[PDB]
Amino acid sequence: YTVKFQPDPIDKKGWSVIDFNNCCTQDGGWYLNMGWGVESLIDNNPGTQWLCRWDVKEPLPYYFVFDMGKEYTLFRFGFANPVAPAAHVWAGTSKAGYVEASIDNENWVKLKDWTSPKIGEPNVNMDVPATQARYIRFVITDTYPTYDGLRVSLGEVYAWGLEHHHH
């Protein structure tokens, strides 16, 4: 928990979801042309979204392993529920979960345990203990129920931190 620093999120261009366990793209390729895949989570804006598996409601937890490309020292981490013209703003139901961090994609260390107060919550950032990392692991553990049961869509994930020596 740090004071009002307000720097700017790491440019997620070298980024790339290197691993996940749930998306709508798993099924028919027609979902593919919809831009609802995991990569739709680190493309700079919450305008594009990510959709869970829809043909078969999969039980939680859902996780993702982002590869920031290089090493950093995370200060904060957060995400942002979907936002118009996102086809599923009512689906952003992330309620509880946590985020881990690793430097070799083998050994991980917990950073924090986030919790969103309502469905489709604008942004949810958390102060994460000053830790060195290359890979991040986001995990949704509980979801707010919907008119159509357990559904969930994510807008985007942000990460702050210093960049280690270019070397």
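We number the residues from 1 along the sequence you see.
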property: Between the two ranges 74-82 and 89-97, the one averaging a larger CA B factor in the entry; result: 74-82
property: Residue range whose averaged C-alpha B-factor is higher in the record, 17-25 or 154-162; result: 154-162
property: Residue with highest C-alpha B-factor in the PDB entry, from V56, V139, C52, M126; result: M126
property: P46 - which third its CA temperature factor falls in, relative to the rest of the chain; result: highest
property: Entry-reported Cα temperature factor of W30, expressed as the chain third it lands in; result: highest
property: Lowest, middle or highest third - CA B-factor, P61; result: lowest
